[PDB]
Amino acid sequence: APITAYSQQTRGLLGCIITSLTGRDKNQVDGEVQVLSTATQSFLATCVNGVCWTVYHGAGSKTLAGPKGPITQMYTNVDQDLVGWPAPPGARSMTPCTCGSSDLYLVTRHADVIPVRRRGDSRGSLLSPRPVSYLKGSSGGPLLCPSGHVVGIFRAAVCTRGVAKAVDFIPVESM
């Protein structure tokens, strides 16, 4: 699967503190994966079927800054560590996976696409182990099948003595 990724920053920190306080986003949203930030931590979101989905341990119950004001969380499932907002116009939704393939590809905030082997509903193993510091801030990022459809979003790193060896994720069916 020749899946690649490229990260584009659309905002600085000053513009982030300001847009955070107001709740009003002037910018035009594009893409399927969004890079999110509260002023103090940064993580990912994936738009699937109308909703911008991310992790609770990242977003909390916070509103998302939108074109015409703060967008309230329509969906919150603390049991699953999942939140969603209705996607702002411009944010294209990804197509949920069909092939039921077990060969997955995790997209990180650093625009890398990591091969992952599915082990259960919520579990896949990293074919190559990764440093913990390398994966931090990538929760909410999608796991894609070889054709390129969403099977879930990254939730937690499964570690073996300080090094990530597997990923735990929220399946698409859960959303």
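Numbering starts at 1 and follows the sequence shown.
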Task: Mean C-alpha temperature factor, higher of 21-29 and 151-159 - done: 21-29
- [ ] Check the entry's C-alpha temperature factors for 72-80 and 101-109, then say which stretch has the higher mean.
- [x] 72-80
Task: Of the residues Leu36, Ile114, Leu144, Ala39, the one carrying the largest Cα B-factor as recorded - done: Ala39
Task: Given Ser125, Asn49, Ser133, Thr54, the residue at which the Cα B factor reaches its maximum - done: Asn49
- [ ] Select lowest, middle or highest to describe the third in which the CA B-factor of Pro129 falls within its chain in this entry.
- [x] lowest
- [ ] Could you say whether, by C-alpha temperature factor, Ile170 belongs to the lowest, middle or highest third of its chain?
- [x] lowest
Open item on the list: Where does the C-alpha B-factor of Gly137 rank in its chain, lowest, middle or highest third?
Closed with: lowest
Task: Position of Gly60 among the chain's modelled residues by C-alpha B-factor, lowest, middle or highest third - done: middle
